[PDB]
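One structure is given below, encoded as structure tokens.
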Amino acid sequence: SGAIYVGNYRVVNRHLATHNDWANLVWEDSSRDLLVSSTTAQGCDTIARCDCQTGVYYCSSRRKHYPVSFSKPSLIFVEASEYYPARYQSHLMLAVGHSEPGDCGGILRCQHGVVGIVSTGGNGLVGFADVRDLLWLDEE
Ligand SMILES: [Zn+2]
């Protein structure tokens, strides 16, 4: 589990979105595993605006933050998980690292801020749903 809180926005994995998230929907995209809902309170996370390929992610299943290299956001074929079939996921970045289903929502961060959240795992790879292209999170 985990979210990003920027401005009046809450960013979560679409497959973990709550009723309250859907009842306050701003934007969602199944192909990215993302959903954004509106918040009453201001959040304090900063979204990275960059093309970094190194950062640190939180892995809840090891109680650890791991420094990783990660790939460019791309359309990647992902094996079946407990929450999606095998499919193409868009705007996904991979690193070599541990990722359980419960690790979804863990933050990947670089020097510029939050890059994205854990979305995929297996075969010794962790996949992150990029948010750096969602420039509208910075405004309105
Ligand atoms: Zn960066």
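The sequence shown begins at 1075 in our numbering and counts up one residue at a time.
Note that beta-carbon positions come from the ideal geometry of N, C-alpha and C, so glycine has one too.
- In its chain, beyond the 5 residues on either side, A1122, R1123, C1124, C1126 have a beta carbon closer than 7 Å to the beta carbon of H1186.
- Closest by C-alpha distance to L1168, out of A1160, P1159, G1190, is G1190.
- Applying a distance threshold of 5 Å between residue Cβ atoms and the heavy atoms of ligand 1 selects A1122, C1124, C1126, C1184, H1186, given in chain order.
- The alpha-carbon separation between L1099 and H1139 amounts to approximately 30 Å.
- Taken through DSSP and simplified to helix, strand or coil, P1147 comes out as coil.
- Contact between the segment 1108–1123 and the segment 1143–1150 is absent, with fewer than three C-beta pairs closer than 8 Å.
- In this structure, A1077 lies away from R1088, with their beta-carbon atoms at least 8 Å apart.
- A distance below 8 Å between beta-carbons, with the five flanking residues on each side excluded, links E1153 to the following residues of its chain, in chain order: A1160, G1196, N1197.
- Beta-carbon to beta-carbon, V1110 and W1101 are separated by about 5 Å, close enough to satisfy the 8 Å threshold.
- Put simply, of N1082, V1086, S1075 the residue whose alpha carbon is nearest the alpha carbon of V1205 is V1086.
- Contact between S1075 and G1171 fails: their C-beta atoms lie close to 18 Å from each other, not under 8 Å.
- Fully enclosed beta strand (DSSP E) runs of no fewer than 3 residues occupy 1108–1118, 1128–1133, 1138–1143, 1148–1152 of the segment 1105–1165, in order along the chain.
- Contact annotation: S1164 and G1201 have beta-carbon atoms that are not nearer than 8 Å.
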